[PDB]
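The block underneath contains the structure these notes are about, expressed in structure tokens.
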Amino acid sequence: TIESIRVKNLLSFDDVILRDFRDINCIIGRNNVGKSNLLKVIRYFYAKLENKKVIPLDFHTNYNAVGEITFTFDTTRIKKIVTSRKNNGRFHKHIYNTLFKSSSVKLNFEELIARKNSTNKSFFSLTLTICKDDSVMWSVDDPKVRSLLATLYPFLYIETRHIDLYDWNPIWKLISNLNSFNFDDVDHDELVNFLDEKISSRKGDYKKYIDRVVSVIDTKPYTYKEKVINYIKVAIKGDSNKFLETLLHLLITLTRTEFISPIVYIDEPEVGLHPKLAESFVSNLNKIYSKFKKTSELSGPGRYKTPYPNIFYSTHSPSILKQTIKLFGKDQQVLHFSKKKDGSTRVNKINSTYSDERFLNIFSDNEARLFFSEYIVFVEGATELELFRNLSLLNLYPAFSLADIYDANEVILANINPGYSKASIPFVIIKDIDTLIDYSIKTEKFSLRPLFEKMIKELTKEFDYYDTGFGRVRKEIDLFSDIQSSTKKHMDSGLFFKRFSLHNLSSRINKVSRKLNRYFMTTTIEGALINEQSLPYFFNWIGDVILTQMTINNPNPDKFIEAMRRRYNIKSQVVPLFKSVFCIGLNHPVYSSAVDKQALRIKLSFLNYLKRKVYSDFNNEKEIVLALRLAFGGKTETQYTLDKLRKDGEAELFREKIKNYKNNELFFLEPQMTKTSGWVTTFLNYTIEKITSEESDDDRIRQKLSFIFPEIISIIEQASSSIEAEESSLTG
Amino acid sequence: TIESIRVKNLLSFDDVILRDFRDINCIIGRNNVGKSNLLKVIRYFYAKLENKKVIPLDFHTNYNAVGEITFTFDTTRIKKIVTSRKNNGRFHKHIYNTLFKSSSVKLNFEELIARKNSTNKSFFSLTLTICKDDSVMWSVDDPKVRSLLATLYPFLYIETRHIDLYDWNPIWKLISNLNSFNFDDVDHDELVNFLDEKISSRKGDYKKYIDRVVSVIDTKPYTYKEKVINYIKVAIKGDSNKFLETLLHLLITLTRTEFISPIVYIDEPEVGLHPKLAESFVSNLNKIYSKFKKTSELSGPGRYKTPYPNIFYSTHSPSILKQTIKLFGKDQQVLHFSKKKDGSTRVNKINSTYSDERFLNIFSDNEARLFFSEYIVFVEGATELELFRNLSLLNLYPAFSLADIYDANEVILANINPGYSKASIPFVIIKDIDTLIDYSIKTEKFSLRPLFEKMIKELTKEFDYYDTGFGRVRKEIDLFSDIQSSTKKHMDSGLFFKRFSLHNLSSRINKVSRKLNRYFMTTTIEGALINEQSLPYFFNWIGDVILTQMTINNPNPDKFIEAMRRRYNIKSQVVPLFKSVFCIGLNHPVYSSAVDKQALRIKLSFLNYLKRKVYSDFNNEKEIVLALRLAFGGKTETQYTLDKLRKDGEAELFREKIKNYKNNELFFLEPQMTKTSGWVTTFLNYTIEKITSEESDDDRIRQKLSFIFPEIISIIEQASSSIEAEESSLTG
Amino acid sequence: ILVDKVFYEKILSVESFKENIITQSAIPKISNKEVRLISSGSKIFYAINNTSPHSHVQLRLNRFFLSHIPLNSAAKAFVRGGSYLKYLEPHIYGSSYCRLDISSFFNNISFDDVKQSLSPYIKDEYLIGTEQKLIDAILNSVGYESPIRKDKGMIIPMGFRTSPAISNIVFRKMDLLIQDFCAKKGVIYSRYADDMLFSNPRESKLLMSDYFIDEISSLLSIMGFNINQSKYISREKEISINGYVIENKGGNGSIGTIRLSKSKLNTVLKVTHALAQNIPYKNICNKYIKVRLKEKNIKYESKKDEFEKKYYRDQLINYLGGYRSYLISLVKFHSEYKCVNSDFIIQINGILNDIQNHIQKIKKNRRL
DNA sequence: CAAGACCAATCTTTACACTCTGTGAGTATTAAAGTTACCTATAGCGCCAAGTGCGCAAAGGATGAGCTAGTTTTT
């Protein structure tokens with residue numbers, strides 16, 4: 001029923017407004033002070049409605065003199081009920097004396113008809129003002145109106161942490177308020193006579209006992225509520241999670257044949273509960289909600305069209321949020337509090353309605369965890385997860401550990417729609433330059449993918465006036481259209497670019513798209529992992545893998561090594577010896593000193609042979625890097641993968657040489673060549689260990705990491721700077 | 001440093017033994033009564049150690065007469081400290097006379113030297129017995145031993161749900177008992193004189209003031225602990241989550257220079273906390289733990305080799321478990337309580353150490369959620385998630401909603417190792433028959449995958465004696481080994497089977513592998529979704545899609561429809577008209593009555609044309625099902641898909657006909673034809689809604705669903721029966 | 001904030017007065033040669049030269065000094081986040097409306113009050129030797145001696161840049177006093193520049209009585225301000241303020257509505273009608289918009305000419321885009337507060353659609 | 001015309017002087033430690049020297065190019 005709550009200059013609120021209340025309104029956030037202040041404001045307003053003496057609230061700033069609390073009630077159902085010719089009770093006529101009479105006698109005969117269109121809504125506004133000298137003022141100077149509003153829209157507050165399970169006062173109050181019987185017609189004497197006749201060895205014995213008890217227990221007479229409570233207790237057969245479930249179920253069941261719509265606030269429903277217990281609680285609430293719904297074909301006795309009461313609950317558990325989003329759907333909303341730069345509570349709505357049914361069905365804990373984050377990094381592949389979640393790398397940057405990295409697709413991004421919740425949850429979308437520009441070998445021209453066209457259309461804004469810093473960007477947009485053909489020349493048979501470096505184009509795209517919270521990496525993640533400055537570390541890691549992982553297959557190492565040395569040549573036939581001697585094994589047994597020396601000599605000879613072969617077969621320190629990058633399922637320069645080149649039929653010599661290298665000395669790396677194998681983590685750990693062994697100070701290691709890895713370190717630094725800039729707001 | 005705790009016949013324990021404790025022991029489970037009973041047992045034991053009068057615990061059963069609590073202490077470091085010739089002190093000699101005196105005077109001169117002084121670990125066992133008449137007895141009749149054990153191994157308990165932030169008694173207790181200073185050498189008179197000298201206008205004023213105050217406030221003298229607390233308070237410069245963090249940090253820091261090893265228990269560390277707050281708490285604890293570690297090259301001042309105290313956690317949050325698993329690694333363990341058939345608490349260890357670094361780095365909230373489950377269903381593809389997580393399907397079966405479904409590969413399954421916690425968390429692994437047997441067209445023979453060989457080897461059990469009923473398993477294994485060749489015949493050009501049906505073999509392998517918690521489906525998920533009995537529903541769903549999703553592209557529907565009817569033939573050229581008139585759109589505009597009638601007529605004509613072509617081109621009505629389930633990325637009978645058939649170059653006519661159907665008429669269905677598109681959810685919802693409309697009773701609709709979908713309903717029923725069998729044990 | 005001696009050297013005067021510190025010379029005031037006498041009606045606007053030391057000091061004062069001193073929420077003008085719609089919104093809950101105007105708001109601000117108001121935020125010390133104080137040096141860049149009235153001292157000119165912030169800061173105690181007076185009477189008060197709007201939700205004749213205006217005058221007499229009696233408006237159930245109509249009859253807990261009259265939208269409707277009637281752009285940009293390209297600056301550096309059809313077209317597009325932005329602001333205000341009549345919403349939606357269609361047609365015709 | 005109603009915060013507390021160690025009758029009578037303060041600041045557009053500037057606003061090639069700027073309120 002309540003549709004608007006407005007607070008001005010009170011506690012931690014400067015000017016806050018809340019509207020659009022659903023049935024299952026949910027509140028999450030990191031600023032618990034704001035939630036506590038909102039609860040205090042609501043309780044203070046409802047206490048002042050009942051004429052109770054309480055301490056006035058404090059002001060946010062002393063440069064003002066007033067504090068306002070405004071409530072709007074949707075008095076539509078009551079207006080329809082009261083103003084009907086079929087209703088002639090005392091209560092209806094009394095209601096049409098303080099709610100809909102003052103605002104109707106001032107109208108005329110042409111607008112009263114227009115107010116009965118069966119599509120309009122009637123609102124009642126009540127404002128409470130607190131002055132500087134602790135004075136309370138109301139917009140309506142009539143206590144009867146306040147009493148009627150209080151008795152028509154009760155407020156119930158439940159605390160789950162500090163709850164007394166032995167007290168059932170809320171249950172009794174809810175039962176007494178939601179009744180349709182007049183208990184005053186029951187004759188006390190008749191009931192006493194009935195009981196006395198029921199239990200008696202002589203007529204008139206229970207009456208004498210009751211009279212004797214009353215003659216000495218003489219106290220104040222029972223009130224009406226006490227009498228109805230006693231009658232309910234004598235009528236029923238019996239007297240943390242169970243209490244709350246009973247409260248909610250009773251509230252839903254009783255509020256079906258009455259025009260009283262309570263509002264219930266629940267604080268932390270998941271205190272001391274198993275996650276399955278919370279899920280079952282939400283599911284039971286949803287089932288009770290759906291049992292009493294009469295929509296379209298669903299009809300019959302026991303099904304009603306009465307509106308349900310509004311429910312507010314604050315939680316810190318993703319399970320309850322997940323269940324609420326999956327089950328209720330259109331009948332729920334999520335509120336986020338946060339803070340401001342100078343310090344002031346905010347209120348924002350987080351999108352929680354998804355059109356796609358698959359997304360709702362496959363909804364899991366990660367999606368709910370995305371809600372409880374202050375910075376989200378969206379990535380597409382599974383290698384970005386392996387890189388950005390490294391424990392050793394995150395140890396040196398205690399600012400990027402506060403972000404959450406999520407694998408998102410185009411449809412997933414569309415369904416989530418992070419743009420709606422932008423000021424509450426900052427985010428960055430990291431993609432590749434392949435999604436925008438596509439290059440071909442046969443026809444030496446670029447092409448623009450539809451995502452680039454959509455971004456250009458979004459950036460191009462019409463129906464606008466002139467701005468100084470607006471035309472230049474548009475010019476760049478035009479330049480992007482000029483990249484429609486963009487004829488370029490490729491050397492080494494479509495393997496490299498003679499000119500037109502993609503770095504400048506990527507930088508310009510990033511500068512343009514920074515307003516849309518997007519970042520386009522120049523190359524793939526593994527492209528940044530292995531580059532010209534990290535090749536020595538990659539070679540050292542390969543050498544360490546050879547030294548450690550490779551073990552003698554035969555249980556006796558000395559005899560096998562001697563036989564293979566006397567059988568195969570140590571220099572010309574080194575490759576067959578390495579293939580037939582050393583194998584990859586999890587266990588690494590320790591051999592004899594002579595055996596260890598022989599194995600070390602063989603490994604050193606193999607390392608020297610492979611180093612000489614790779615340095616001789618390939619020219620400069622630019623083809624080895626490309627060969628390694630293309631071997632681990634990647635692409636470089638021309639945006640062509642190893643598999644794509646075979647389909648396109650180009651660079652036969654390069655592919656043949658790579659295939660020869662794969663079916664030769666580098667045969668132990670074949671399992672790690674596949675994507676999502678685990679080489680990224682091992683390489684990162686080895687590099688971190690080497691650098692922290694070489695350099696002692698915690699700043700020199702970070703500087704060397706930045707030197708070796710410019711791109712990922714730049715991304716991490718930018719994200720950390722953004723988080724630190726917005727740290728004062730998203731922190732409890 | 002306790003090693004073993006044994007409880008027999010007390011509260012809810014029959015015979016429970018806990019050993020192999022680590023530093024970060026974590027306790028999870030559904031049976032909170034068991035955790036409460038364990039805490040009560042520990043507190044009772046430590047209260048009886050200190051000679052406190054408390055109520056004895058109750059018995060699990062009255063058919064016994066004793067209840068025993070056994071504690072084992074690892075007295076290895078203390079023995080090394082005391083027995084050294086360098087340490088000459090009162091406390092060391094007293095400890096030797098109390099602990100290691102009786103057990104050492106009964107040994108000869110051979111066991112003491114070179115047999116108990118090299119690597120042995122010393123243990124001390126203490127037993128407490130409660131009789132039927134509420135009598136308490138000890139295995140060692142010496143109060144001095146109990147006092148020394150209590151003062152050497154203190155126990156601390158922290159409750160976070162009800163914690164007072166204004167009380168710092170645990171902090172002062174930890175500070176007072178972890179110091180190496182003798183405070184009895186600070187004379188009162190000299191300190192009073194110093195204070196008087198520091199602040200005085202006339203000499204002696206402060207001393208006279210103190211004497212006058214003491215002469216009036218004369219009470220009992222300070223104890224030693226009060227004096228040391230006052231000295232600490234005057235020395236320091238000042239005095240829920242913060243309190244716990246301070247306690248843990250003080251405990252870690254102050255024990256680095258003492259031989260006292262406390263034991264700490266913490267209940268609900270995450271009550272009323274943001275998930276980020278709990279993660280930060282665990283991270284800070286880990287950082288402080290790693291700061292004071294002196295291992296291998298890590299040395300220097302401030303780093304120690306002193307063992308860390310034992311910490312126990314009682315949590316219901318997956319975030320804390322995830323952080324503990326990721327950070328600590330090999331220095332943590334996970335405990336699961338559960339119940340028994342007749343009702344009794346158990347204790348089991350859940351595997352939490354992983355040898356794969358990628359798995360640890362990619363560890364997320366779903367893996368932690370897998371811990372808090374009572375039935376796990378492991379699947380490979382993403383379509384199984386879309387099928388088993390459907391809300392409408394789970395609405396009719398309120399027993400499969402208590403199980404959690406997870407996507408795991410072979411490496412993920414190996415890392416998780418569900419078989420270790422088999423008795424605590426039942427699980428089922430669902431796979432396809434293609435993972436065991438591979439069929440070929442060019443060569444008429446089956447082949448067995450390495451997984452099948454591993455399963456056969458595991459089933460085969462050498463080093464065994466004869467047992468009735470075990471020879472059948474051997475016969476089945478022999479048949480599986482000998483079916484390697486299994487010459488057969490394929491009709492329809494390598495498309496069907498002569499008579500194999502792949503059903504008897506699947507049933508036999510399921511019966512054999514039921515002991516390994518595995519189930520092999522006869523066909524894939526799409527095969528089970530659309531079968532010979534689901535053709536009418538699939539056709540109705542396609543017709544509904546045509547009726548709803550297809551809309552007029554032109555803004556004016558009447559003019560466009562009239563132009564296309566006067567331009568294209570209504571019967572012979574119906575396909576071009578449908579392609580150039582109706583398009584898929586998210587929004588469905590409402591047209592005029594004549595326009596709606598014309599659109600309905602066109603749609604009916606298109607439906608008639610498609611059904612006539614379908615029933616004319618194919619006759620046996622089984623090739624229709626084959627084409628439908630093969631176009632949706634599936635394989636049938638021969639285990640072949642589009643790509644596999646194209647590579648094999650077989651069934652040219654069938655592939656050409658399917659391509660013609662896809663690119664000629666069903667052009668609109670193409671986007672809903674790729675893997676992970678969302679057609680499963682829509683089809684399931686439409687079918688369930690139709691059957692609900694047709695049949696009202698729940699039994700009738702369940703029977704109809706079982707008839708339409710045999711395999712998935714059978715799987716759900718089997719899982720539900722398994723859950724119901726173990727429901728009593730795995731429920732608090 | 002507390003500005004000290006070092007703050008004026010590294011923030012307030014980085015390169016404009018950096019040479020007057022080492023030389024130990026007092027900072028001069030603004031001479032009569034650095035200002036203009038732009039006149040419009042019976043008003044005088046004091047402009048300042050762009051290439052002057054004081055203009056950059058004014059920019060720095062606005063950006064770093066006169067943006068952190070707290071204000072009062074009753075001021076809806078010259079502040080970050082304020083608007084005229086926010087000035088009219090709180091009064092939708094009232095049944096009686098009253099309007100007041102301050103006479104010569106920027107000319108009656110005594111410089112002593114300005115000096116006293118900024119005193120707590122500037123520490124008491126000496127900037128240039130024992131001759132000039134920091135407060136006086138700062139104030140020398142925000143004041144001008146009017147030559148029209150030689151008897152008067154240094155005043156705050158209307159045409160400067162720091163004037164609105166100083167006016168808001170100085171007129172803070174008056175806002176507090178008026179708000180405290182109105183709170184006890186249950187009257188909603190808002191202020192925009194020098195216009196005060198009062199709303200009464202209860203059924204009373206307080207806003208139509210001489211007592212209210214007498215009390216407001218008595219409160220304003222502390223600082224010497226006055227209110228002109230020629231702009232005194234007091235009505236019930238409806239009020240029009242510069243084309244903004246606020247209507248609320250109300251008996252108890254009623255919410256009013258805000259709309260715009262047809263006279264407010266007359267010019268845009270005339271422009272749309274002329275454009276749809278194929279009237280040439282020559283007679284549209286000079287008769288309705290009143291934008292003219294004078295012959296004194298008709299491409300003074302270019303004799304090519306023949307560019308009128310582009311200048312007029314883009315000026316018309318800018319005018320239509322500005323009016324569209326104004327209507328969009330009104331729609332956003334309605335969305336955020338829900339106090340606009342539905343029929344007016346339909347009318348403005350139709351007008352926005354018509355304007356967008358006309359802009360598209362103009363662009364297409366220009367392309368063709 | 002003249003008028004009572006003349007903001008909040010300006011850092012925060014705390015406390016006897018004496019010669020006498022228990023007592024004090026000025027014509028107009030706070031102040032010194034502790035403990036935090038905090039602001040805080042950077043390119044139309046491009047270029048080379050990489051921000052402290054210079055040049056140009058025709059390309060381009062160092063001074064022909066060439067060129068405008070929205071609504072409303074206060075006022």
Side-chain angles (χ1 to χ4, degrees), chain A residues 61-65 132 464-469 471, chain B residues 201-202 204-205 208, chain C residues 1-4 6-7 10-12 14-15 40-45 60 63-65 68-70 72 76-78 82-85 87-88 101-102 104-106 113 116-117 119-121 123-124 158-159 164 167 171-181 191-195 214-215 217-223 226 241-244 260 264 267-268 289 291 293 297-298 302 304 307-308 310-330:
Chain A
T61 55
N62 286 327
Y63 293 99
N64 292 279
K132 184 175 59 60
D464 300 334
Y465 46 87
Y466 178 78
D467 296 72
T468 61
Chain B
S201 60
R202 172 178 291 186
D205 55 357
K208 294 176 182 60
Chain C
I1 59 181
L2 185 61
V3 172
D4 50 358
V6 61
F7 194 85
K10 60 185 176 180
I11 285 293
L12 302 187
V14 282
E15 70 263 339
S40 180
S42 60
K43 292 182 299 299
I44 302 300
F45 300 146
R60 300 172 191 109
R63 196 46 178 261
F64 302 96
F65 177 60
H68 301 155
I69 302 180
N72 190 269
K76 311 293 185 180
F78 312 139
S83 60
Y84 201 76
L85 295 177
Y87 161 77
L88 298 178
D101 169 67
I102 303 180
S104 65
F105 181 60
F106 282 70
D113 293 330
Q116 292 184 4
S117 61
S119 180
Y121 305 93
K123 67 175 303 179
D124 187 8
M158 189 178 301
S167 64
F171 206 88
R172 190 205 309 171
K173 52 184 298 183
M174 290 296 106
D175 279 356
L176 271 175
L177 294 180
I178 294 181
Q179 199 173 14
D180 193 10
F181 171 76
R191 184 176 65 90
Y192 189 93
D194 53 359
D195 286 342
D214 289 1
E215 289 294 332
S217 303
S218 64
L219 281 178
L220 289 179
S221 64
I222 296 179
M223 280 185 163
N226 297 92
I241 307 176
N242 296 31
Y244 298 84
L260 276 64
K264 182 69 176 182
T267 302
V268 59
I289 311 181
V291 281
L293 188 49
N297 196 20
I298 172 61
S302 181
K304 176 181 179 61
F307 70 104
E308 321 295 334
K310 179 257 302 179
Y311 173 80
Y312 283 172
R313 175 176 57 91
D314 82 79
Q315 247 58 222
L316 178 60
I317 292 301
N318 287 18
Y319 175 84
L320 292 189
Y323 207 91
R324 172 181 174 267
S325 299
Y326 178 65
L327 297 189
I328 290 171
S329 178
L330 195 52

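In what follows, every heavy atom counts, from backbone to side chain, and hydrogens, waters and symmetry copies are set aside. Residue numbering restarts at 1 for every chain, and letters A, B, ... go by the order of the sequence lines.
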Measure from [atom1] on [X] to [atom2] on [N] and round the result to the nearest Å.
X        : N      : atom1 : atom2 : answer
C:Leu293 : D:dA69 : CG    : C1'   : 12 Å
C:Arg191 : D:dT75 : CZ    : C1'   : 15 Å
C:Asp4   : D:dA37 : CG    : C1'   : 12 Å
C:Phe64  : D:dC38 : CZ    : P     : 18 Å

For atom [atom1], what is the distance between [N] and [M], given to the nearest Å?
N      : M      : atom1 : answer
D:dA2  : D:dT29 : P     : 37 Å
D:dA28 : D:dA33 : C1'   : 29 Å
D:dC16 : D:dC11 : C1'   : 26 Å
D:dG44 : D:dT35 : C1'   : 48 Å
D:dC18 : D:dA31 : P     : 14 Å
D:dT63 : D:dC56 : P     : 5 Å
D:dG46 : D:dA58 : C1'   : 15 Å
D:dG66 : D:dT40 : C1'   : 43 Å

| field | C:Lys10/C:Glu15 ion pair, N-O < 4.0 Å | value | no
By sign alone, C1'-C2'-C3'-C4' of [N] puts its sugar north or south?
N      : result
D:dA41 : north
D:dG64 : north
D:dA5  : north
D:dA25 : south
D:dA31 : south

Could you pull out the protein-nucleic contacts involving nucleotides 5-13 of chain D (nitrogen or oxygen on both sides, under 3.5 Å)?
{"unit_1": "D:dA5", "atom_1": "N6", "unit_2": "C:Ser218", "atom_2": "O", "d": "3.3"}
{"unit_1": "D:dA9", "atom_1": "OP1", "unit_2": "A:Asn62", "atom_2": "ND2", "d": "2.9"}

| field | C:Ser40 versus C:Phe45, closest heavy-atom pair with distance | value | CB-CE1, 3.9 Å
| Options D:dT40, D:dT68, D:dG66, nucleotide nearest the side-chain atoms of C:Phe7 | D:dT40
| Are A:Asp467 and A:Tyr465 close enough that some pair of their side-chain heavy atoms sits under 4.5 Å apart? |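 Yes, their side chains come closer than 4.5 Å.
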| query | So do C:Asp101 and C:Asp194 actually touch side chain to side chain, heavy atoms under 4.5 Å? | reply |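 The answer is yes, as the side chains (C-beta and beyond) meet within the 4.5 Å cut-off.
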| query | Between C:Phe105 and C:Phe171, does the ring centroid distance fall short of 6.0 Å? | reply | yes
| task | Answer yes if the ring centres of C:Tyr84 and C:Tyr244 are under 6.0 angstrom apart, and no otherwise. | result |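 Ring-ring flag for C:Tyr84/C:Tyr244: true, centres closer than 6.0 Å.
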Need the glycosidic conformation of [N]: syn if within 90° of 0, anti if not. Which one?
N      : answer
D:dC18 : anti
D:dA28 : syn
D:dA5  : syn

| message | With a cut-off of less than 4.0 Å, is there a side-chain N or O of B:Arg202 near OP1 or OP2 of D:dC20? | response |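 Result: yes.
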| request: Check step by step if side chain to side chain contact (heavy atoms under 4.5 Å, CB included) holds for C:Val14 and C:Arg60. | output: CA-CA 10 Å; C:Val14 282; C:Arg60 300 172 191 109; 3.4 Å; yes
| What's the verdict on side-chain hydrogen bond (donor to acceptor under 3.5 Å, both in side chains) for C:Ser217 and C:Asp214, showing C-alpha distance, side-chain angles and the deciding distance? | CA-CA 5 Å; C:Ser217 303; C:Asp214 289 1; 5.4 Å; no
Scan nucleotides 71-74 of chain D against the protein and return all N/O pairs shorter than 3.5 Å with their distances rounded to 0.1 Å.
{"unit_1": "D:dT72", "atom_1": "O3'", "unit_2": "C:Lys264", "atom_2": "NZ", "d": "2.6"}
{"unit_1": "D:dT73", "atom_1": "OP1", "unit_2": "C:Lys264", "atom_2": "NZ", "d": "2.8"}
{"unit_1": "D:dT73", "atom_1": "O3'", "unit_2": "C:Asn242", "atom_2": "ND2", "d": "3.4"}
{"unit_1": "D:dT73", "atom_1": "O2", "unit_2": "C:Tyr192", "atom_2": "OH", "d": "2.7"}
{"unit_1": "D:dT74", "atom_1": "OP1", "unit_2": "C:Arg99", "atom_2": "NH2", "d": "3.4"}
{"unit_1": "D:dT74", "atom_1": "OP1", "unit_2": "C:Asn242", "atom_2": "ND2", "d": "2.9"}
{"unit_1": "D:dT74", "atom_1": "OP2", "unit_2": "C:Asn242", "atom_2": "ND2", "d": "3.2"}
{"unit_1": "D:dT74", "atom_1": "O3'", "unit_2": "C:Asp194", "atom_2": "OD1", "d": "2.7"}

| message | Let me confirm one number: the CD1-OH distance from C:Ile317 to C:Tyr312, rounded to the nearest 0.5 Å. | response | 15.5 Å
| request: Rounded to the nearest 0.5 Å, what's the gap from CZ on C:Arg191 to CD1 on C:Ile102? Could you check? | output: 6.5 Å
| task | Represent DNA chain D in dot-bracket notation, 5' to 3'. Only Watson-Crick or G-U wobble pairs with both distances under 3.5 Å count; pseudoknot-style crossings use [ ] and interstrand partners use |. | result | ..........((((.(((...)))......)))).........(((((..).))))...................
| Which part of the nucleic acid, if any, lies within contact of C:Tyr87, taking any heavy atom under 4.0 Å across all strands shown: a base, the sugar-phosphate backbone alone, or nothing? |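 Touches nothing.
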| Contact class for C:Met158 (heavy atom, under 4.0 Å): base, sugar-phosphate, or nothing? | base
| request: Starting from the 5' end of DNA chain D, give me the residue, C:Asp214 or C:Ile102, whose nearest nucleotide shows up first. | output: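 Comparing both residues, the 5'-ward one is C:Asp214.
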| said: I'd like to know whether C:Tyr323 forms a side chain to side chain contact (heavy atoms under 4.5 Å, CB included) with C:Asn318, so could you lay out the CA-CA distance, the side-chain angles of the two residues, the decisive distance to 0.1 Å, and finally the verdict. | reply: CA-CA 9 Å; C:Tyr323 207 91; C:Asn318 287 18; over 6 Å; no
